[PDB]
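Form deposited in one PDB entry, single chain, as structure tokens, below.
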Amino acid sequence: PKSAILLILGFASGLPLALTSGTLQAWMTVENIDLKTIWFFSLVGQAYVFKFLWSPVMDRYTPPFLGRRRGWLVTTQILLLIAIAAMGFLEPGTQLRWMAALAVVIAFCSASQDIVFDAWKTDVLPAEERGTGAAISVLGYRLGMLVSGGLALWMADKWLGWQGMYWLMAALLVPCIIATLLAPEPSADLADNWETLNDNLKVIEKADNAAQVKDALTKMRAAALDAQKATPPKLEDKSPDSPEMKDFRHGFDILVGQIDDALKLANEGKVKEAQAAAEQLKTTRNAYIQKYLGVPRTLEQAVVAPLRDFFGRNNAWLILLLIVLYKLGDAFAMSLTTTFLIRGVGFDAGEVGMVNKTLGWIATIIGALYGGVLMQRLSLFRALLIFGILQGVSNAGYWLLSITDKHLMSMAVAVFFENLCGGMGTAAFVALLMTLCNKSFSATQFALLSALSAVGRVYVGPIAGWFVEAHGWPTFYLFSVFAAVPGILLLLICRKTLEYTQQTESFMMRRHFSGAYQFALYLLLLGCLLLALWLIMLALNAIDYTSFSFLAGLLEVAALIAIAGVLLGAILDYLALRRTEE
């Protein structure tokens, strides 16, 4: 049951990607439209890169229906359906119109769906099923890409048409809407429950009609009972009946007692003494029993809280370095595999490309599924180590090919093995990412971590090209094999924190060392501001009024500053871990 939900939700997250990039370009090329210089385009791609920007809204606000995750999912999906149907109805026959604008809107909705789906996956899945869920979601997303790319395009070419294709996709998205309506909802208690407590308590102060005292007090009582059993922040690790947990329970016990007293007064028809009872409740609220509370009721907290959560932990920078460079070898192989097969070896483009497509698809799916099953049967760290070693070793198939003869079977075998190991590593990586989140700020943290993982993959092109054009292909692939060692070293460095999180299920809190972590955070913030200024300058340059050459220097200066901050943070993190070891 749950696995079907994961599969269909991954299908949904993968469905809307192609219509803004490939099918739209095909539609323009058929109708003799260039789709260039429209000034709204080139932002459809930028939605997916910068989807981490509007993340805090997804976890700060709880919509007044379903839950926090499911309500957002339904709103995003229905917005997507309306937008896609509108896109189908729009006819570029007269002129381009705002078609790029609608495409930008659809891209934004799809990015929001991705954020919320990742957050829900992180929230609902248990520790053992993380790998299986990641594998099934990956399977669903690849299936969505497959159906959107070729099948729908062929159907529009032969039977349905460009007019009916988008209605078909909307009709296909509807069943996933009822699926997420049927989907389970996780639990989110403390901050939200105390927020509804405070809202109804403030409503009690304005209560004058003698009837909304009772209903308000009922809401407060249900919220207090729910929040009694949840755990507060900084007490997550002291979960199994700790004295501080006992005092938490004692305070909520007294709070519910005062609520019952006020409710007893209000059932008697009194109002003024009920108001005095709520005032006494608020007075005892202010006392020292108030030890833990929530992030909301302020705008600044909705943004600042996830960052402080993540960067207050221990192992915060080593995990960052691991995420940046774990799948480097696969990126180095993929960057020029096809160029190698076309020029480095004498193979035709068409059949070889198609067979590579099929073999890579099947092999990565099989690798992901097998890794998911093995990780269900194993610990996370051991599976990560095994799969990293395997994906590092499998790259040597291409060195073997480049030195060996020109038979197709050897190339097929090497491709199959490489994509299998890639799928295994992908499943383990997504499991690690889902482990690392917080279930309170899961959306923001997961989006930031995914973008951070892609950042390391982005800058591989020029170096790979220079190496392959300078020293050759077999040397390039031996180097690519030798490049998978840093990820394994990072995995072996931080195994203690991984096993601690596997056992206690809670991340620790850093306390040692001076305020050098603050200096590193300041460096990172300065680098981010410099990157934002550079992006704004590039946006202004897009108007072609004035061009500058020092932006290249500014970008690399900002990158060096950010990387220096990250490396200093990581060395401090490792030193602290070896200090608590010693």
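Only the largest set of C-alpha atoms that superpose within 1.5 Å between the two forms is called the rigid core. Sequential numbering from 1, following the sequence displayed.
Keep in mind that the form solved in complex with a small molecule is missing from the display, and what follows is about it.
**Item:** Interface membership of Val430, the small molecule in the deposited complex, 4.5 Å heavy atom rule
**Value:** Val430: yes, in contact with the small molecule in the deposited complex.
**Message:** Can you work out whether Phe519 and the small molecule are in contact in the deposited complex, taking contact to mean some heavy atom pair no more than 4.5 Å apart?
**Reply:** The answer is no: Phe519 has no heavy atom within 4.5 Å of the small molecule.
**Message:** Taking the small molecule as it sits in the deposited complex, is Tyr141 near enough to touch it, meaning that at least one heavy atom pair lies within 4.5 angstroms?
**Reply:** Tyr141: contacts the small molecule in the deposited complex.
**Interface membership of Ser112, the small molecule in the deposited complex, 4.5 Å heavy atom rule** = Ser112: no, not in contact with the small molecule in the deposited complex.
**Request:** Work out which of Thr501, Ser450, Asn314, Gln376 lies within 4.5 Å of the small molecule in the deposited complex, going by heavy atoms.
**Result:** Checked against the cut-off, the match is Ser450.
**Asked** Only one of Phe446, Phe381, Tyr166, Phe416 has a non-hydrogen atom within 4.5 angstroms of the small molecule in the deposited complex; which is it?
**Response** It is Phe446.
**Asked** Of these, 87-95, 177-185, 118-126, 491-499, which stretch puts a heavy atom within 4.5 angstroms of the small molecule in the deposited complex?
**Response** One stretch meets the cut-off, namely 118-126.
**Message:** If I align on the rigid core, exactly one of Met537, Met28, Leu554, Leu526 should have its C-alpha move by 2 Å or more between this form and the one not shown; which residue is that?
**Reply:** Single hit from the list, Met28.
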